[PDB]
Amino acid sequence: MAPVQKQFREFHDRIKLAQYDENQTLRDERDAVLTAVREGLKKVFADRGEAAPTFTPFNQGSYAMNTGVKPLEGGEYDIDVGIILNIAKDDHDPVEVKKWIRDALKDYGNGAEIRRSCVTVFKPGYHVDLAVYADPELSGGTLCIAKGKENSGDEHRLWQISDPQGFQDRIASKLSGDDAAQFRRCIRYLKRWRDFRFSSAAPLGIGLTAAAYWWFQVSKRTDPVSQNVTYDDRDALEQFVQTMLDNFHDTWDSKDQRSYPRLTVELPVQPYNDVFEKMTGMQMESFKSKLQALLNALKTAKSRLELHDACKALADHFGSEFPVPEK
């Protein structure tokens, strides 16, 4: 039966996006937005009659963790950055804090918008999500992110304990060397699957990343004699996807009077929230179906005599950058 490891490795080379520490361009676009916020803030606070708050920025998201993928045509890069303002949380509404950042970014690119967990600034072919934190020193020693929107009620405006560094560290440290490499490749493969089969409803990147933290297992073989190591990414995805499917739980929804299959995946650090909690029952059901059809293709791919047929089965789920050799 035809193997597909070479094709997976090539697919990986095509989809991977270099992380911040190796991506001049990303750093520059990041540093530009941070620059705009400092410059912007000087204005917003010259109005108020108070000293501009200072912030310490740090890298977040898949570009910090080396799990980033290139977007498909008409998709956007997602530059995630955190800013820790020299402010005490208990003295400020978090939404009001997010307003400062929005207003400081009013003019920059196609402007800024306040989301539930970040301020997002738009630009040609990318966006920057700024997660906004209060200083742990002035806030009694916890790092809290500014949660809530402009239209959000009172009980939905809050400073939620977070641990982005802890999360990144667990992703980096779960494995090492070529084992960790396979883990990162498998997250990327599933992010392209997400981009290909889900609408611009989609299994978040955070979700698949946390899922992998809990459930990914390396697939490699070590020759008993030569101790030569080869990796089997197809098999790694098969076991990982099967394990995710096994952890779906039929969950009754009283309002709708039916159950939906739901996958719950806790963040392995504070606040230990279910990273999929925002997906609806119906989007979860569709997510489970598509995971099952991906699993079936991963199995099909291992029992094809012809490389063409093995790859084509994979391309139907991973999309047209998955290499299909001619028959």
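Whichever C-alpha set is largest while still superposing within 1.5 Å between the two forms counts as the rigid core. The numbering used is simple: start at 1 and walk along the sequence shown.
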**Prompt:** When the other structures are laid on this one by the rigid core, do the CA atoms of 251-259 or of 102-110 sit farther away in 7 other deposited structures of this protein?
**Reply:** 251-259
**Fill in**
Judged by RMS Cα deviation after a rigid core fit in 7 other deposited structures of this protein, the more variable of 181-189 and 216-224 is 216-224
**Request:** Answer with none, 1 to 3, 4 to 9, or 10 or more: how many deposited residues between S200 and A201 are not present in the coordinates.
**Result:** 1 to 3
**Request:** Using only the Cα atoms and their B-factors as the entry lists them, report which of 214-222 and 186-194 averages higher.
**Result:** 214-222
**Request:** Averaging the C-alpha B factors as listed in the entry, name the stretch that ends up higher: 239-247 or 224-232.
**Result:** 224-232
**Request:** Would you mind checking which of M65, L41, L267, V69 has the top Cα temperature factor in the PDB entry?
**Result:** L41
**Request:** Within this chain's modelled residues, let me know which third the CA B factor of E285 belongs to: lowest, middle or highest.
**Result:** lowest
**Request:** Please rank the C-alpha B-factors of the chain's modelled residues and tell me whether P136 sits in the lowest, middle or highest third.
**Result:** middle
**Request:** Report the third (lowest, middle or highest) to which the CA temperature factor of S259 belongs, ranking only the modelled residues of the same chain.
**Result:** middle
**Fill in**
On the chain's distribution of Cα B-factors, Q292 falls within the third called lowest
**Request:** Give the position of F45 by CA B-factor within its chain, expressed as the lowest, middle or highest third.
**Result:** highest
